[PDB]
Amino acid sequence: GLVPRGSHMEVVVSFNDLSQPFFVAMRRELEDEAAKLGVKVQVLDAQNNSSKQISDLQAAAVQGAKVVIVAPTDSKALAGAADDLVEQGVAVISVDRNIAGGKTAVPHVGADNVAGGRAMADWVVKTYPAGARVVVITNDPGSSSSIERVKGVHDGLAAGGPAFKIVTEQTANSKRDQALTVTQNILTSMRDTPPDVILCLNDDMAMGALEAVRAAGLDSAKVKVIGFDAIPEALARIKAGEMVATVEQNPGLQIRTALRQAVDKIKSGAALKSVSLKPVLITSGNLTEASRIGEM
Ligand SMILES: O[C@H]1[C@H](O)[C@@H](O)[C@H](O)[C@@H](O)[C@H]1O
């Protein structure tokens, strides 16, 4: 869906799946920053298809793109395309999740997702000092963000010990509809001993898990749901006392930082560099620390 370049002040931005609310919101911040920087952004949606994303990236290079910002559908699967683009003289920077396993080290702007996952688990260990039964519902399984969030959750619960039980860990592929049915089936499988905490690795899925908890006739005070992203819908649930926590990862700042680096690469050849942002756990006491609180 590319059009011809009119100047050098153009960047191609390839999103993994623009049907995800987190990324729709990220795209809005991208468009603001692009206007402010005087750069045209051409936005491509991979529609959760690695083959399409790879062909999109190849096409952008053929048509003259010199910097591409990519949120890869799968962090390992896009390594070949990134290497090819670099070899052709196209600079690549990743956003939100990384590209890994290739010849070239691709600079990456994202959240510290291990720290984010660890914050969720540390919350569980602090809140349940005698132990707890935990369900983990994971995001986009091929993404570094899922892999690293999961690792941080594992780290914190392993540190807590055998009293902190991961009763099941399943993906809902960053989809609210899958989150509902996946969570329902998990609840049914342990209806005689419901979990204490459902850790959901994005807020869209957390909304589905909250609904599954309600559909099961369970009490959101006894079966607690924690998300990730601090989207306004989740912030409202925390304000209402239905959801306990989420995690702020500053997606506006991620995308703005990637674009700022891209523009400096175009203007002066400045090197693209990795930046990891520290996430912050958001509860009812610090809702205003969420970057999108003004939308709630
Ligand atoms: O950081 C993002 C965010 O959490 C999205 O909501 C999720 O679906 C993606 O998988 C993740 O990489």
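Residues numbered from 1 in each chain as written, not as in the entry; some residues may be left out. Heavy atoms only, no water.

Structure determination for the deposited model, as stated in its record, used X-ray crystallography, and the stated resolution is 1.451 Å.

*Asks:* Explain the side chain of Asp-96 to me, please; I cannot follow it from the model alone.
*Replies:* Within the secondary structure layout, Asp-96 lies in the loop between β4 (91–95) and β5 (108–111). There is a polar contact of 2.9 Å between the side chain of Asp-96 and the side chain of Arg-97. (Helix = DSSP H or I, 4+ residues; strand = E, 2+ residues; numbered from the N terminus. Polar contact = N/O pair within 3.5 Å; in protein donor to acceptor, adjacent residues only side chain to side chain.)

*Asks:* I would appreciate a short explanation of the sheet that holds strand β9 (residues 224–226) in the present structure.
*Replies:* The strands making up a sheet are joined through hydrogen bonds of the backbone, oriented either antiparallel or parallel. Within the open sheet, the four strands sit side by side as β7-β6-β8-β9. Their pairing is parallel. Only two strands of the sheet have a single neighbouring strand rather than two, namely β7 (164–171) and β9. With direction set aside, neighbouring strand axes in the sheet form an average angle of 20°. Note: strand β6 (residues 132–138) against strand β8 (residues 197–200), four bridges, orientation parallel. Following the sheet pairing, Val-136 is matched in β8 by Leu-199. On the sheet, helix α5 (residues 144–160) packs against β6, β7 and β8 and is oriented at approximately 165° with respect to β7. Relative to β8, helix α7 (residues 203–215) is tilted by about 155°, and along the sheet it contacts β6, β8 and β9. (Pairing = 2+ DSSP bridges. Axes fitted to C-alpha atoms, helices over the stretch in contact; angles between N-to-C directions. Contact = heavy atoms within 4.5 Å.)

*Asks:* Which parts of the structure should I look at to understand the sheet that holds strand β2 (residues 40–45)?
*Replies:* The six strands lie next to each other as β2-β1-β3-β4-β5-β11, forming an open sheet whose pairing is parallel. In this open sheet, the two edge strands, each paired with only one partner strand, are β2 and β11 (275–277). Strand after strand, the sheet turns through a mean of 15° between neighbouring axes, direction not considered. Across three bridges, β5 lies against β11 in parallel orientation. Directly across from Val-109, in β11, lies its bridge partner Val-275. Against the sheet, helix α9 (residues 251–268) touches β1 (10–15), β2, β3 (67–70), β4, β5 and β11, its axis set at about 165° to β3.

*Asks:* What is the right way to look at the domain arrangement of the protein in this model?
*Replies:* It is common to give the size of an interface as the accessible area that goes away when the parts come together. Taken domain by domain, the protein comprises domain 1 (1–109 + 252–276) and domain 2 (110–251 + 277–295). The straight-line distance from the C-alpha centre of domain 1 to that of domain 2 is 29 Å. Both faces combined, the contact of domain 1 with domain 2 buries some 1700 Å², and carbon together with sulfur accounts for 43% of it. It is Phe-22, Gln-254 and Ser-276 that lose the most area in domain 1 upon contact with domain 2, and together they represent 31% of the buried surface on that side. Counting every contact that joins domain 1 to domain 2 gives two salt bridges. (Domains from an automatic or database assignment. Buried area = accessible area lost by both parts, 1.4 Å probe. Salt bridge = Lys/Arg side-chain N within 4 Å of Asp/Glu carboxyl O.)

*Asks:* Help me understand the site of the ligand, please; the structure alone is not making it clear to me.
*Replies:* Taken together, 14 residues lie near the ligand, and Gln-20, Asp-96, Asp-140, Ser-145 and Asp-229 sit nearest. Between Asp-96 and the ligand, the recorded distance is 2.5 Å, taken from a side-chain N or O atom to an oxygen atom. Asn-139 is positioned with one of its side-chain polar atoms (N or O) 2.8 Å from an oxygen atom of the ligand. If you map the ligand onto the pockets, it falls in the largest cavity. The residue makeup of the shell around the ligand includes at least three contributed by each of domain 1 (1–109 + 252–276) and domain 2 (110–251 + 277–295). (Near = heavy atom within 4 Å. 1 Å grid on protein atoms, 1.4 Å probe; cavity = no way out; pocket = protein on both sides within 12 Å on 5 of 7 lines; lining within 4 Å. Sits in = over half its atoms within 2 Å of the grid points.)

*Asks:* Would you mind showing me how to read α5 here?
*Replies:* An α-helix turns once per 3.6 residues; consequently, residues spaced three or four apart project the same way. If you check α5, its first and last C-alpha atoms are 24 Å apart, about what 17 residues at 1.5 Å a residue would give, namely 24 Å. Within α5 the residues assigned to the buried category are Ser-144, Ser-145, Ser-146, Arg-149, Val-150, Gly-152, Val-153, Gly-156 and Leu-157. At its buried positions, α5 is contacted by α4 (113–127), β6, β7 and β8. Of the residues trailing α5, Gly-161 is marked for its positive phi of about 105°. (Expected span 1.5 Å × (residues − 1). Buried < 20%, exposed > 50% of the residue type's maximum accessible area, 1.4 Å probe, protein only.)

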